Structures are given as C-alpha cells and as structure tokens.
Ligand SMILES: [Cl-]
C-alpha cells in the first residue's frame, strides 16, 4: 500500500533554524531527495537513488526547484500582506499519491499557512477549496490558468504513480515488507512497590504493527498503556505495550500476516 | 496555532552495559519548525550529535530524530533537553532503563 510524497517549506525571518526554503521527497517512510535555499541543488538521500538515476534528472529538477524557490518566496510575502502579518511565518505545500494493494490509486495536493489548511486541490473537479477570503482571491487567480490545473491533475493521475513504480523497482527494502519483530517480555517496577509487565517488540519492517496485553484471554484496553511505533535509525522500528500487575497474563502481536502470543511465567 | 512537542528518549537496540548502542531523542508534533535539541550525559552536553531529515506529518506538524553512539555504563545518567517557542523553560527528559 506504498506512497510517494514531496513537500515544500518556506519561513520568513529564521534567526537560527533557517533556511527559508526546503524540499524533501519520500517513498513511504524513506527520504529519497533533498533541496534547500543554501545548497541550491537537488540531491539523493538514498543509495539506490544515486545509482539508477542519470545526471540529467538531477540537473533538470535542480533548475525547476530554483524557480519554485522564488515562487514560494513571492507567494508567502503576498500572504502576510493580505493579512496584517509581520515577523516570521510558515508556508507549506504537499503533493504525492498512493498505490493501494487492490490496484486503485489516490493522489493529493494541499497548502498551509502557519500550519493551518489554506488551499486543498480536488483533481476530479479541477477546483480549489479555499479556507478564507485571502485563499479565495489566490484560488481565483489559479483557476484562470487551466493548463496548470491540468498539469497538476495529470502529474498525480499519471506521472506520479509511474515514478513511484520506478522507485519501487529500486527497492530491496522498500518492496521488501518482511522484517519480523523480535518480541520479549520483561517485568519493570513502574511505581514502588508496583510491578508492570512490559512487552517490547523491535527490529521489524514495515512500521505497521499491532500489540496488546490480555488478562485470562480478555483484552482490557483501560488497564493497558500503549507505546508509539518509533524509528530506530537502522531502518527498522520498535514499539511496546504495558500492563499493571495486581497482587494469567499473555502478550499478543500481529505483523505482515505473522501472529504471535507470548506468555509470562 | 502553536503546538508543544512530544519528547521521547530511548535506545536503538535493547540496553546492555559495556556494548555499543545509540541514544535516540524523537521530537514530534510541534509548530513552528524552530526547535533546539541537545543530548545529555551526567548533566554535561554531548558534543557530537547527528540528526534526521526534518519531515512534516499531514497535520503540518514536524518531527525529527536526534541520535548519538554511546556505550551504556552502569552509573551513567542520560537525558534529553528540548526548547521550543511554546516552552518558557527547556524540558529535560531522562532516559529510562
Ligand atoms: Cl507547480
């Protein structure tokens, strides 16, 4: 159920945490490309991207983005003036699509000012869903340039899923959705003198997993405290779930069709 | 619309005294993008700290990972200090073993 996404970020007065422009791409959870207002170059962020992709690709998209850098600066400057905004403000953009296991494809295009939804593109009606009066005046200017709306529609509808398919055939990790979890259960002392059972799963891929604790077969969601799925750095993930031990408990885990139950001594 | 980050300190591999590892500090779901993150060892700041590719979720709220190679000693006390626009005083999150 793989996906390809590219974002753009623009910031007004960044006193440290600059630069004013950043653009990063991802195939699923993997960074693939990078660009920023400092290093005015598109670069690979994966090894299978360095190989496979001809230097023509990088050169063409470096020129393109250098221009998208200038547009972003203009588009943002304009926004703060239609509001009565002064200081530092954030402008974000996102494209990309998904390839659902059935064969059906999706695709989105969104914009945000100060982390709030500003403009949403509906590719099936070549329309923009404007949040306020400012967005509506920008939306109006965009809707008159029809060939752009068609370029965008077609990029999602065709070019995007084609590119994702190419990136996935440079996958021996991306396409590979089998790296099984390594589950272990260890008693902790959460509070003195309270003991808690901890189920810890690590080293799995892809990051979609499910784990729970069960008292005598009954699952008790209100007594369970779940942990988030976290990145490890080595390309695999970790997660946990805990239960408060009172004065028969078992741990359950599902991952890429594999089902496992662990029982405490 | 500003969001306070969610700080989480943990190790790449399960903890073992004397063996090498990595201390991760996963900062997520905050707005705006300016975040100062430092890894600590017995109060002192760790000089060599590498960090991940900044990304933003669909809620436009950014997330980063900061990590450092380390050999967990028996007595060593590790933590993560974080300051944002939403924080008046930096939050320090101790590593749990
Ligand atoms: Cl464009």
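Sequential numbering from 1, following the chain as shown.
If you check the header, you will see the structure was determined by X-ray crystallography, 3.2 Å.
Cβ atoms here come from the backbone N, Cα and C positions, even for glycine.
Copied over from Swiss-Prot, here are the features:
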type     : residues                            : note
BINDING  : A:8, A:23, A:42, A:93, A:151, A:152 : 7-hydroxy-6-methyl-8-(1-D-ribityl)lumazine binding site
BINDING  : A:8, A:23, A:42, A:93, A:151, A:152 : 5-(2-oxoethylideneamino)-6-(D-ribitylamino)uracil binding site
DISULFID : A:97-A:160                          : disulfide bond
DISULFID : A:199-A:251                         : disulfide bond
CARBOHYD : A:84                                : N-linked glycosylation site
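All features noted in Swiss-Prot, drawn onto the structure.
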residue	record	DSSP class
A:8	7-hydroxy-6-methyl-8-(1-D-ribityl)lumazine binding site	strand
A:23	7-hydroxy-6-methyl-8-(1-D-ribityl)lumazine binding site	strand
A:42	7-hydroxy-6-methyl-8-(1-D-ribityl)lumazine binding site	coil
A:84	N-linked glycosylation site	coil
A:93	7-hydroxy-6-methyl-8-(1-D-ribityl)lumazine binding site	strand
A:151	7-hydroxy-6-methyl-8-(1-D-ribityl)lumazine binding site	helix
A:160	disulfide bond	helix
A:199	disulfide bond	strand
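Between the CA atoms of residue A:152 (7-hydroxy-6-methyl-8-(1-D-ribityl)lumazine binding site) and residue A:160 (disulfide bond) there is a gap of 10 Å, rounded to the nearest whole number. When the C-alpha distances from residue A:23 (7-hydroxy-6-methyl-8-(1-D-ribityl)lumazine binding site) to the recorded positions A:84, A:97, A:199, A:251 are tabulated, the minimum falls on A:97.
Classification of residue A:251 (disulfide bond) by DSSP places it within a strand. In sequence order, no residues are near residue A:151 (7-hydroxy-6-methyl-8-(1-D-ribityl)lumazine binding site), counting only same-chain partners six or more apart with C-beta under 8 A.
When the Cα positions of A:8, A:23, A:42, A:93, A:151, A:152 are compared pair by pair, the longest gap among these 5-(2-oxoethylideneamino)-6-(D-ribitylamino)uracil-binding residues is 22 Å.
Residue A:8 (7-hydroxy-6-methyl-8-(1-D-ribityl)lumazine binding site) is 39 Å away from residue A:199 (disulfide bond) when you measure Cα to Cα. Between the alpha carbons (Cα) of residue A:251 (disulfide bond) and residue A:8 (7-hydroxy-6-methyl-8-(1-D-ribityl)lumazine binding site) lies a span of roughly 42 Å.
Less than 8 angstroms from the CB of residue A:97 (disulfide bond) sit A:3, A:4, A:105, A:106, A:107, A:108, A:156, A:160, A:161, A:164, each of them six or more residues away in the same chain. Missing residues between residue A:247 and residue A:248: 4. Distance between their CA atoms: 12 Å.
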